[PDB]
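Before any comments, here is the structure.
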Amino acid sequence: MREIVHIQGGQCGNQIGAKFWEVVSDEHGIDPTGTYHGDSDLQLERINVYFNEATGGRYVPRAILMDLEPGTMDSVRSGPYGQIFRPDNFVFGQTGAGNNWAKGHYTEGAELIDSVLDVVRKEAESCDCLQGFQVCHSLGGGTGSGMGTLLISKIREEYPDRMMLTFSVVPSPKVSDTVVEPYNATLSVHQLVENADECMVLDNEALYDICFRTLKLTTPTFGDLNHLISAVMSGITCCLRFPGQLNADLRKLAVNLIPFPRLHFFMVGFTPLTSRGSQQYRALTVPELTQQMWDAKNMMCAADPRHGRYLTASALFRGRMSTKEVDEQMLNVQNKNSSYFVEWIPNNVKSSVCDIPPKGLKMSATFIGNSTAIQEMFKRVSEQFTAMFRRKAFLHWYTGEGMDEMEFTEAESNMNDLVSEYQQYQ
Amino acid sequence: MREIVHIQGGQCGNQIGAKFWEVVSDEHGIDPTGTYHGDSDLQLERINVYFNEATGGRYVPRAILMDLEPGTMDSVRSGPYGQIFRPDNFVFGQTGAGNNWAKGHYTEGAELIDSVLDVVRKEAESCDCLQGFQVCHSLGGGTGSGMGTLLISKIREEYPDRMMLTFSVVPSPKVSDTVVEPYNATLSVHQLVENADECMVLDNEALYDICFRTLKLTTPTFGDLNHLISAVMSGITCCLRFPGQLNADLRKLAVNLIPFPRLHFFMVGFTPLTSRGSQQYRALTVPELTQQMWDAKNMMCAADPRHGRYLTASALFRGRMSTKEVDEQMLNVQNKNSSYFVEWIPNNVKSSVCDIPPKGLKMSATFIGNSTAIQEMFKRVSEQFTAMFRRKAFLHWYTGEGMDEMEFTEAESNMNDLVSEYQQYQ
Amino acid sequence: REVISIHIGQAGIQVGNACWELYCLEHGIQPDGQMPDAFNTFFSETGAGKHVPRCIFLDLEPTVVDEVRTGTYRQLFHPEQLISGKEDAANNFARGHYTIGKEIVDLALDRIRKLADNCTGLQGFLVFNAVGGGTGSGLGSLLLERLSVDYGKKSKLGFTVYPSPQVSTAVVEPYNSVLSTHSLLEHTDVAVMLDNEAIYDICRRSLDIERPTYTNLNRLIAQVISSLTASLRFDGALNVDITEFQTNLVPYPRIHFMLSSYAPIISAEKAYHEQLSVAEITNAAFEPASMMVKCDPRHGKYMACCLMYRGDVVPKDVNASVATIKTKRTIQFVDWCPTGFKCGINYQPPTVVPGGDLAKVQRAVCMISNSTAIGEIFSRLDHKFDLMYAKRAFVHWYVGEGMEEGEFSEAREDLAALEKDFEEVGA
Amino acid sequence: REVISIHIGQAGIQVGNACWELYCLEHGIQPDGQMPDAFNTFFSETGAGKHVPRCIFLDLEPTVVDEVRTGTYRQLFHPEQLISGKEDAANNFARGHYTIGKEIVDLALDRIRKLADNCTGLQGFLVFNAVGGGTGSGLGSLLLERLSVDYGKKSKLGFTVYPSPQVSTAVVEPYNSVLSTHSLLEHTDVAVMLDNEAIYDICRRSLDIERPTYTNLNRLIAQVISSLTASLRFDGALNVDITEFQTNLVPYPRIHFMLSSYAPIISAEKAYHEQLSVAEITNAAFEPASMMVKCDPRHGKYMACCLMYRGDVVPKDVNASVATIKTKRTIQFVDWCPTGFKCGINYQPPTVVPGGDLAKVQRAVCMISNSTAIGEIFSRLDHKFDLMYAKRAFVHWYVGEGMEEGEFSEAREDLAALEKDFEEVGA
Amino acid sequence: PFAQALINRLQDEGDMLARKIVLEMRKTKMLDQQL
Amino acid sequence: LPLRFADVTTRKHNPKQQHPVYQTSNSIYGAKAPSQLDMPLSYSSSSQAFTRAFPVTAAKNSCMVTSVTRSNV
Amino acid sequence: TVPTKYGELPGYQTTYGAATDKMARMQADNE
Amino acid sequence: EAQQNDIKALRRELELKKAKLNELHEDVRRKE
Amino acid sequence: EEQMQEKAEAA
Ligand SMILES: Nc1nc2c(ncn2[C@@H]2O[C@H](COP(=O)(O)OP(=O)(O)OP(=O)(O)O)[C@@H](O)[C@H]2O)c(=O)[nH]1
Ligand SMILES: Nc1nc2c(ncn2[C@@H]2O[C@H](COP(=O)(O)OP(=O)(O)OP(=O)(O)O)[C@@H](O)[C@H]2O)c(=O)[nH]1
Ligand SMILES: Nc1nc2c(ncn2[C@@H]2O[C@H](COP(=O)(O)OP(=O)(O)O)[C@@H](O)[C@H]2O)c(=O)[nH]1
Ligand SMILES: Nc1nc2c(ncn2[C@@H]2O[C@H](COP(=O)(O)OP(=O)(O)O)[C@@H](O)[C@H]2O)c(=O)[nH]1
Ligand SMILES: [Mg+2]
Ligand SMILES: [Mg+2]
């Protein structure tokens, strides 16, 4: 019925997508060779949303992996659940962008985007009732951000009526992996604000802090971080894949969380995340999940939301639960800390319940908050962008490829008016 | 229903509470692994006061450990019944105050007490109807005295409408661990008289005497002393956990025992405590219990009550008995030794009976006496305090940290005005 | 993804002699040429059971090329790529750029041209040369010039040997250094420099080898080079490619000069001594006790940094470590660059060479950064340049070849203009 | 929780030579440094299967240092923790304070810096030195000064060997002792006196060795340190940390001089002679036949006393013992404190080193007290100081180095003001 | 630089929140009479 | 008792050997073999595993109060 | 893995089935 | 770093005040 | 340890 096609860009997008299709495959009970061996046929009734049957129950993911460097593809095919992708979908360049948005948006896109557009089109009309697209990429790197950005623009120009998710990782000064982070991030969101329907902002710092405090894990490799983000993404799409008492589709959450067309950036949190030694000592109730949801040290962004106001929020619950308890918990958290929410919108919380929990858990919850604390992050980026732009440092690598100065100025302008309207509604 | 949270500060409080939870769990039949293994169903209906059910018969104690040196925590988790506490409740510093009340109240308190206040706040809200708080700590140490002191002040500031006990061992000249014992004691009493509802003064000297005469122990290590103190504490709180012919809760005890808001230091006794050799030659009657109760040598303080007058007293009995026999026993003991009771207060004895004895005996008793003889102990410490403050010995480690002399002078004035009003009512 | 490596002048080929040695020992390749996929970036498979490197040694004297031809790596280094001349330029930019360059450079360019035709996914070029000599300077720049007019848009990593201020083996070497940099300004996209005294100080202090030979020197240099090419050769948790150093480490089209450093340089017993972890090597990669370039970065202000991690390393603590550095104030950044780091992580640890003095580590860090420290070094070089230029020293040799004073004065004015840019970027 | 141990001087490293041995033989570690959590306070585990002490030896003569390097503990101490100079100060305070200190203590302080950085729960420091020499006096004070400007607030336990009045090996020892005490009065937070005669009387009478050497002395001193550090190394029934001597033992910011003693000092056959209990060692802790410092506490009055117990020690009997001590009148306390006792109990009794003359006891007591006896010792040393100062003996070597009589004069006025302070609190 | 203006913004916000606290305390102090 | 304390034979002690004529006093220290009898009887060690498992000592308080009111009626 | 209970699977219990358990049981009994 | 410390204290103070405000508002609603 | 043994063999 409703269909979600997947897009992965860049190194981070590939590794994130790899873990994503790992957990989804484990959720639907399909083996790493591509055959179903699960238990409940409740898994079968909604595998078409993510899979197409090839020959004798060979379900392949409806995904498109795309980057510019083969080492990422090798790391994809190395691990398990790497032999289930259709090798045609590995559309793939050869030269490499190398943390250059101009290379990822004008040079390499000119010979890769018609190819990925061919593949995504064939993948689009292959299914009947498209629900939307799901993108996993970055904003600091070159081949993920720029190529994905131009791809998003082309897609939104072809299919204006379908939905669109974008999971984009943003950088921080504390964890600054590359140098041109603001040069790329500013331009990326400057395109996202007019192209994407909504964006779920991520980062690594919040993940490190979460594994510091809540998980008490020793060495958090990228796999566990991608494992968390993957658990988030399975949670956000649980409503379509399983029956429930109150189902909230993708468009349904978007219309409940987006009151204004340019206010479509969310922060995300996932519960429950507890250390293994302390996993035994806890009860498993809705208040137990609620105390962890509304903890500000549990968001997946470097924007402590109690420095601002929640415009709207949404909770996606999985597991057999009392809807009464669900709602009165939402009413209580909304009545006590009433200054943390916006005033001119009553009932700022959209809730939904699905009956099937993620595997291995009794009762889980995915939180999506559209708060105005994200303007702290954007200002935290724009000041770095202006600090660099005043001195025109590292700018010749961009202007020597086809980009000019006015694109940077309009990125500054859109950055500034966005944070101005965020500050306004605060 | 009625809720008691427990706090253990410093090394003394931690080891005593460790034996405390052991005796509690044994009375409720909980094994060291944390599952119910008792026989009678009288124990199941009254464990919400001290425990929380996590997952399938696994009960976690409602306690908070607080200290500054990990050796205590290791000694807690190493012993039996150690693997039951919730690791969240091990809020715990790293440096160590070390017999310095200024470090215990100004240096590490500012960065440890907010945190423990939050843990307590979370556990205060996890339960429904607060009855009171129960703190156990020493008065000679630093990490127990100042920490618990400031914690008591904060808690009484936040929740002023709940009961509060603190079991505090006071120093003796013959049994003296550290040298700044008066320096800690007089400041702690100065705060506890203004914040704590009532305390139960203890001392190692009387306990050592008890283990020599009545118990006839050869090597009474700290384990047996804590066993006595814990047995006393269970005797205090048996009324909430068990039915009886005449129930008496914590607030019922305080109102019956405190005539004036500054007269709230009680001396405690427990009965029966007989040698293992003569356990066979005795009888088990209420007069047998009573003659062992009202003995001066059976008191757990180094203050001879026949050197003063009893203001009020209470007796908590456990086991099947005759209330008439109890009452006539209290009338006779109040008529025979009539000079030792105050004159302008009739009926100086409160009595209560529960029909559930402690495990291993047939009938037990717990004596709580608010007598005036405790002024001898306060004189005994205040004269040592003035002996140091007359020429300012050992003062500079407290002066150089922020504390000034006027606090000491306040401590002196408060100690002297209380002992004066003890003498006044005598 | 492929890169080829060319070695100009005497110095570059001993760098390569240790470099390819380290590569075949890393990929398990016996010196006869065969093992008993990762080699693809460096080695092409001739027929079956044979691998040849995408490399050319090229010199003007035949004796040291013949040393490579008759050493242990006779069968590995294939007997035609090893280009050799007939007579040396003898520490002369003009005789290396104009006299014999017109005969050697064409043979070299159409040699690497067909090497590129054998290649498919060439990422870029990397050069090993010394600018203090005549062979590395003259035709090396001529090659660089003809590579720029041949391809241009492809990256050229110049791992040159810059001379030490106090210790020097030549006399006309500041002439050769200035006259090579003048073209290296607009030829190299990314030029990484290696002083030698700094390597002497490192092996003296840390490696505590009281008698260091140039072999150990080149062993450490090759260790640097392998640590920066490991991202291409083996997959890590976060990889970096050769194209990124233009965008991450070069803020201005003429300020492309990088401080190189490595850590931990630790002897065998000292690895037994110390427990190596991320924080101390993250610190160790910042003091001048571990730099390959003799300069004090405390006097300078870093423009950008690059940190390569190899081995048992997770990103958590390296992000904690760089956080501590960014909140530390003993090392200061420029105000135009708030995010001044480019980190990367590869899984495979650096290997050991028998006969070398290094022990294997659980993790190592390779730092390549840009600062104004070089802004001082180029003024120190221009000063000693002007001391002998004021009295017309050794200029008649250039005139006897056919050179004039015009490019000497132009090089003087260009290097002065780079100095004003260094000050303007320092503020 | 960790405490590190620093050793300056020939006496310092020789006692530490005994300490760390006794330590590894306490925790069952072979001298190579590998096991075939209690070590965490002293030993950090590099990788796995090798433990390095939190310690540093440093001296001026290379003989005993290299003798340790070539001894049996080659592998235990890692080959850079042993700092060694070139030539001795030759019993000269100024030569150890100004000439060679400016070269050695900086390397020492940035070494101890990274030692503290490698450490996690640093509780405090403890230093081993003898004030009679020139090495342990000069740069030890300087090191203590620079550590005070570095940390200051952290406790710095100084276990310094004081010279005996009658037993003397050198002549300038009163000079070096007073000139060291000038700075130890302001730098050391808790200092512990140690004579050698009192220990000589101990080994003469109780240990009944008629030919004693420094080995048995250093061994028992090490056992004193082990006994006072066992509360942190192992769990006890009633433990006290290194910051307890901070509060319990020092009543005034300059009266920090504590009398040390250890019992029961018992030979092999005397264990057959004697039934060990608690009351007799509580007594034997006070008689001057068992003290480590030659004085007569009958003429002094105690300020505060501390009693460390190791082994099968219940608290009832130590309580009865201190009761009997407080009701007795053979010893008198000062009127400033009614409760002058600090007890501390640990479960682990001390072990035996093979080759020693001390038998394995079920319990031991380490008594550290404060009295005015040391107030009499300081006047005894100042009498010998003024006897040689009045004729201007050995002043010319200090002036030849560059010092004057001003520091000598203020040192004499400070010790006199210190004598006034002891007697003041004695009244 | 930018922290200098941010601290001003946060100071003004804290003062405004105290101003709100005043009115809310007045509101509850008025309602306790009406009860 | 840990194994290394229970058995000495398992801990190999090799003393640097010295010429008999040629024997400094500082070599006396670590040249002597331990024995089962020198081994202590109980090794009451202290396991810091549970404390090391705890995170950095810098904690926090970041939540929104969400207690259902439970007035005592 | 997931072991089977006498009635159903642990992890998977939809609300519709939870509502119709008794009707399904009565139908099975009548069959 | 100084302004950083000032910020990390001022934010905490503001947060405590905001929590007090929330408490007062909830009490007002209940009493109404 | 193998490296140290190689050192000893070289010496
Ligand atoms: N680190 C290192 N540097 C070297 C080595 N060999 C030469 N150099 C450097 O090269 C500089 C001199 O140039 P050479 O490499 O000897 O010879 P050239 O560059 O080909 O120039 P010509 O001497 O004219 O042939 C010296 O200043 C050295 O710093 C080496 O093996 N290791
Ligand atoms: N108990 C004891 N004391 C020692 C030992 N070795 C040295 N001393 C003390 O050290 C004092 C003399 O100083 P030394 O340690 O010999 O040498 P130094 O302190 O380094 O000073 P210089 O000889 O000038 O370098 C003597 O008075 C001894 O009391 C020892 O092994 N045991
Ligand atoms: N969670 C996660 N983040 C990643 C991973 N790889 C890279 N990133 C993030 O992506 C950013 C750099 O992306 P990059 O690899 O340069 O993107 P690309 O070069 O365009 O493919 C860094 O800030 C990383 O934090 C990964 O495996 N997991
Ligand atoms: N009953 C009992 N009392 C103890 C124990 N340990 C210490 N104390 C008492 O605690 C007092 C000193 O308190 P201290 O241990 O310093 O507390 P802290 O340092 O604040 O944790 C002394 O008077 C001892 O009598 C114990 O295990 N049992
Ligand atoms: Mg040459
Ligand atoms: Mg000496």
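Chain labels follow the order of the structure tokens: the first chain is A, the next B, and so on; residue numbering restarts at 1 in every chain, and ligands are counted from 1 in their shown order.
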Select the residues contacting ligand 4 at a distance of at most 8 Å, based on only C-alpha atoms and all ligand atoms, then format the selection as a CSV table (one decimal) with N, CA, C and O atoms, in the first residue's frame.
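Wrote pocket-v8.csv, looks like this:
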chain,number,residue,atom,x,y,z
B,9,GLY,N,24.5,8.1,55.6
B,9,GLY,CA,25.6,9.1,55.4
B,9,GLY,C,26.8,8.6,56.2
B,9,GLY,O,26.7,8.2,57.3
B,10,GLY,N,27.9,8.7,55.5
B,10,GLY,CA,29.2,8.4,56.2
B,10,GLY,C,29.3,6.9,56.4
B,10,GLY,O,28.4,6.1,56.2
B,11,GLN,N,30.5,6.5,56.9
B,11,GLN,CA,30.9,5.1,57.0
B,11,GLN,C,30.0,4.5,58.1
B,11,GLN,O,29.5,3.4,57.9
B,12,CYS,N,29.8,5.2,59.2
B,12,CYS,CA,29.0,4.6,60.3
B,12,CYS,C,27.5,4.4,59.8
B,12,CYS,O,27.0,3.3,60.0
B,13,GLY,N,27.0,5.4,59.1
B,13,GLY,CA,25.6,5.2,58.6
B,13,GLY,C,25.5,4.1,57.6
B,13,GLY,O,24.5,3.4,57.6
B,15,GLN,N,27.4,1.2,57.2
B,15,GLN,CA,27.5,-0.1,57.8
B,15,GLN,C,26.3,-0.4,58.7
B,15,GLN,O,25.7,-1.5,58.6
B,16,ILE,N,25.8,0.6,59.4
B,16,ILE,CA,24.6,0.3,60.3
B,16,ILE,C,23.4,0.1,59.4
B,16,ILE,O,22.7,-0.9,59.6
B,67,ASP,N,28.3,9.2,50.5
B,67,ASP,CA,29.6,9.2,51.1
B,67,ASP,C,30.6,9.9,50.2
B,67,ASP,O,30.2,10.6,49.2
B,97,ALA,N,36.0,14.2,52.7
B,97,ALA,CA,36.1,15.3,53.6
B,97,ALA,C,37.1,15.0,54.8
B,97,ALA,O,38.0,15.8,55.1
B,98,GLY,N,36.9,13.9,55.4
B,98,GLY,CA,37.9,13.4,56.4
B,98,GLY,C,37.9,14.2,57.7
B,98,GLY,O,38.8,14.9,58.0
B,99,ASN,N,36.8,14.1,58.5
B,99,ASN,CA,36.7,14.6,59.8
B,99,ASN,C,36.8,16.1,59.8
B,99,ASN,O,37.4,16.7,60.7
B,137,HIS,N,23.5,8.2,60.7
B,137,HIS,CA,24.8,8.8,60.5
B,137,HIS,C,25.5,9.0,61.8
B,137,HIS,O,24.9,8.9,62.9
B,138,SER,N,26.8,9.3,61.7
B,138,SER,CA,27.6,9.5,62.9
B,138,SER,C,27.7,11.0,63.1
B,138,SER,O,27.2,11.8,62.4
B,139,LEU,N,28.3,11.4,64.3
B,139,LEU,CA,28.5,12.8,64.6
B,139,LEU,C,30.0,13.2,64.7
B,139,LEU,O,30.3,14.3,64.8
B,140,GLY,N,30.9,12.2,64.8
B,140,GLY,CA,32.3,12.4,64.9
B,140,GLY,C,33.0,12.6,63.6
B,140,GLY,O,34.0,13.4,63.5
B,141,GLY,N,32.6,11.9,62.6
B,141,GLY,CA,33.1,12.0,61.2
B,141,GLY,C,32.8,13.3,60.6
B,141,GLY,O,32.0,14.1,61.1
B,142,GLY,N,33.4,13.5,59.4
B,142,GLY,CA,33.1,14.7,58.6
B,142,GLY,C,32.2,14.5,57.5
B,142,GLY,O,31.2,15.2,57.4
B,143,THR,N,32.4,13.4,56.7
B,143,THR,CA,31.5,13.1,55.6
B,143,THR,C,30.1,12.6,56.0
B,143,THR,O,29.3,12.5,55.1
B,144,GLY,N,29.9,12.4,57.3
B,144,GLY,CA,28.6,12.0,57.8
B,144,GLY,C,27.9,13.1,58.5
B,144,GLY,O,26.7,13.3,58.3
B,145,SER,N,28.7,13.9,59.2
B,145,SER,CA,28.1,15.0,60.1
B,145,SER,C,27.6,16.1,59.2
B,145,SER,O,26.4,16.4,59.2
B,169,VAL,N,25.1,8.5,66.4
B,169,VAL,CA,26.0,8.1,67.5
B,169,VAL,C,26.8,9.4,68.0
B,169,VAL,O,27.3,10.1,67.1
B,170,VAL,N,26.8,9.6,69.3
B,170,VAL,CA,27.6,10.8,69.8
B,170,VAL,C,28.9,10.3,70.4
B,170,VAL,O,29.0,9.2,70.8
B,171,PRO,N,29.9,11.2,70.4
B,171,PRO,CA,31.2,10.7,71.0
B,171,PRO,C,31.2,10.7,72.5
B,171,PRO,O,30.4,11.3,73.2
B,172,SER,N,32.1,9.8,73.0
B,172,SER,CA,32.3,9.7,74.4
B,172,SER,C,33.8,9.9,74.7
B,172,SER,O,34.6,9.7,73.9
B,175,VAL,N,35.5,6.3,74.8
B,175,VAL,CA,35.5,5.8,73.5
B,175,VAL,C,35.5,7.0,72.5
B,175,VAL,O,34.5,7.6,72.2
B,176,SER,N,36.7,7.3,72.0
B,176,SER,CA,36.9,8.6,71.2
B,176,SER,C,37.8,8.2,70.0
B,176,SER,O,38.9,7.9,70.1
B,177,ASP,N,37.2,8.4,68.8
B,177,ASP,CA,37.9,8.0,67.6
B,177,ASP,C,38.7,9.2,67.1
B,177,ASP,O,40.0,9.1,67.1
B,178,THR,N,38.1,10.3,66.8
B,178,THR,CA,38.8,11.5,66.4
B,178,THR,C,39.0,12.5,67.5
B,178,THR,O,38.5,12.4,68.6
B,203,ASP,N,25.5,6.0,71.5
B,203,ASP,CA,27.0,6.1,71.8
B,203,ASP,C,27.6,4.7,71.8
B,203,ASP,O,26.9,3.7,72.3
B,204,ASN,N,28.8,4.6,71.4
B,204,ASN,CA,29.5,3.3,71.4
B,204,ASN,C,29.8,2.8,72.8
B,204,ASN,O,29.9,1.6,73.0
B,222,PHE,N,32.0,-4.5,65.3
B,222,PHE,CA,31.0,-3.5,64.9
B,222,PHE,C,29.8,-4.2,64.4
B,222,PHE,O,28.7,-3.6,64.4
B,223,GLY,N,29.9,-5.4,63.9
B,223,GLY,CA,28.7,-6.1,63.3
B,223,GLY,C,27.6,-6.3,64.3
B,223,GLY,O,26.4,-6.1,64.0
B,225,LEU,N,27.2,-4.5,67.2
B,225,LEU,CA,26.7,-3.2,67.6
B,225,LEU,C,25.7,-2.7,66.6
B,225,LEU,O,24.6,-2.3,67.0
B,226,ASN,N,26.0,-2.8,65.3
B,226,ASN,CA,25.0,-2.5,64.3
B,226,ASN,C,23.8,-3.4,64.3
B,226,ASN,O,22.7,-2.9,64.0
B,229,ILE,N,21.7,-1.8,67.0
B,229,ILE,CA,21.1,-0.6,66.6
B,229,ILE,C,20.0,-0.9,65.5
B,229,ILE,O,18.9,-0.3,65.6
D,237,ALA,N,38.1,-2.3,59.3
D,237,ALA,CA,36.9,-2.0,60.0
D,237,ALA,C,36.7,-0.5,60.3
D,237,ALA,O,35.5,-0.1,60.3
D,238,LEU,N,37.8,0.2,60.5
D,238,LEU,CA,37.7,1.6,60.8
D,238,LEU,C,38.9,2.2,60.2
D,238,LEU,O,40.0,2.3,60.8
D,239,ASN,N,38.8,2.8,58.9
D,239,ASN,CA,39.9,3.2,58.2
D,239,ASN,C,40.0,4.8,58.2
D,239,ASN,O,39.0,5.5,58.4
D,240,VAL,N,41.3,5.2,58.1
D,240,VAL,CA,41.5,6.7,58.1
D,240,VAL,C,42.5,6.9,56.9
D,240,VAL,O,43.4,6.1,56.6
| query | After fitting chain C to chain D over all Cα atoms matched in order, what RMSD is left? | reply |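 Root-mean-square deviation of the C-alpha atoms: 0.4 Å.
Residues in contact with range 59-71 of chain F at up to 7 Å, not including ones fewer than 4 positions away on its chain and judged by only C-alpha atoms, are residues 294, 295, 296, 297, 332, 333, 336 and 337 of chain A; 115, 118, 125 and 128 of chain B.
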*Coordinates-based distance that separates CA of residue 368 in chain C from CA of residue 126 in chain C (Å, one decimal)*: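 It comes out at 15.3 Å.
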TODO: Compute the set of protein, DNA and RNA residues whose minimum atom distance to ligand 6 is at most 10 Å, using only C-alpha atoms and all ligand atoms, and state it as a VMD selection string.
DONE: chain D and resid 8 to 12 59 to 61 64 88 to 91 130 132 to 136
Preceding selection exported with N, CA, C and O atoms as a short mmCIF file (atom, residue, chain, number, x, y, z; two decimals), in the first residue's frame:
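Saved result, result-v5.cif, follows:
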data_model
loop_
_atom_site.label_atom_id
_atom_site.label_comp_id
_atom_site.auth_asym_id
_atom_site.auth_seq_id
_atom_site.Cartn_x
_atom_site.Cartn_y
_atom_site.Cartn_z
N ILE D 8 64.25 11.61 47.23
CA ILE D 8 65.38 12.49 46.95
C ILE D 8 66.48 12.16 47.94
O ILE D 8 66.25 12.19 49.15
N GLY D 9 67.65 11.85 47.43
CA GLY D 9 68.80 11.61 48.27
C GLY D 9 69.11 10.13 48.42
O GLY D 9 68.29 9.26 48.13
N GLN D 10 70.33 9.87 48.89
CA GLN D 10 70.78 8.50 49.06
C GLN D 10 69.92 7.76 50.07
O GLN D 10 69.58 6.59 49.86
N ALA D 11 69.57 8.41 51.17
CA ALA D 11 68.67 7.79 52.13
C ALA D 11 67.29 7.60 51.53
O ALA D 11 66.61 6.60 51.81
N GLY D 12 66.85 8.54 50.69
CA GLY D 12 65.52 8.45 50.13
C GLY D 12 65.34 7.24 49.24
O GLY D 12 64.40 6.46 49.40
N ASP D 59 68.64 11.39 42.04
CA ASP D 59 69.84 11.65 42.81
C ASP D 59 70.82 12.39 41.91
O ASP D 59 70.58 12.59 40.72
N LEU D 60 71.93 12.82 42.51
CA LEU D 60 73.00 13.49 41.78
C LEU D 60 74.12 12.54 41.39
O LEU D 60 74.72 12.71 40.33
N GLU D 61 74.42 11.57 42.24
CA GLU D 61 75.46 10.66 41.79
C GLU D 61 74.83 9.51 41.01
O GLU D 61 73.78 8.99 41.38
N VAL D 64 74.63 4.84 42.68
CA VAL D 64 73.54 4.08 43.29
C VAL D 64 72.33 4.01 42.38
O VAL D 64 71.57 3.04 42.44
N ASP D 88 77.78 15.25 42.75
CA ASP D 88 77.06 15.53 43.98
C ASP D 88 77.26 16.98 44.42
O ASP D 88 78.21 17.66 44.02
N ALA D 89 76.36 17.44 45.29
CA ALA D 89 76.52 18.74 45.93
C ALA D 89 77.54 18.71 47.06
O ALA D 89 77.99 19.77 47.50
N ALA D 90 77.91 17.51 47.52
CA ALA D 90 78.92 17.32 48.56
C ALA D 90 78.53 18.03 49.86
O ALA D 90 79.26 18.86 50.39
N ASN D 91 77.34 17.68 50.36
CA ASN D 91 76.84 18.16 51.65
C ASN D 91 76.81 19.69 51.69
O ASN D 91 77.36 20.32 52.59
N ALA D 130 66.67 12.73 53.69
CA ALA D 130 67.38 12.99 54.94
C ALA D 130 67.96 14.39 54.89
O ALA D 130 68.62 14.76 53.92
N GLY D 132 70.31 15.67 56.61
CA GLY D 132 71.72 15.78 56.93
C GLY D 132 72.61 15.99 55.73
O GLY D 132 73.69 16.57 55.86
N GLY D 133 72.19 15.53 54.55
CA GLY D 133 72.97 15.66 53.34
C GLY D 133 72.67 16.96 52.60
O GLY D 133 71.91 17.81 53.06
N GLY D 134 73.29 17.09 51.43
CA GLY D 134 73.09 18.26 50.60
C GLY D 134 72.09 18.02 49.49
O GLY D 134 71.44 18.95 49.01
N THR D 135 71.97 16.76 49.06
CA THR D 135 71.05 16.41 47.99
C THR D 135 69.60 16.47 48.46
O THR D 135 68.77 17.17 47.87
N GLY D 136 69.27 15.72 49.51
CA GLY D 136 67.90 15.67 49.98
C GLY D 136 67.42 16.97 50.59
O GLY D 136 66.21 17.23 50.63
#
**Message:** Give me the residues near residue 6 in chain E as a ChimeraX atom specification, where near means some atom within 12 Å (using only C-alpha atoms) and where sequence neighbours in that chain fewer than 3 positions away do not count.
**Reply:** /A:376,379-380 /E:1-3,9-13 /H:3-4,6-8,10-11
With chain I as the partner and 8 Å as the cut-off, tabulate the residues of chain C that qualify, each row holding the nearest pair of atoms and their distance in Å to one decimal, using only C-alpha atoms, sorted by chain and rising number, as a Markdown table.
| residue | atom | partner | partner_atom | distance |
| --- | --- | --- | --- | --- |
| C:268 | CA | I:3 | CA | 7.0 |
| C:269 | CA | I:4 | CA | 7.4 |
| C:359 | CA | I:3 | CA | 7.7 |
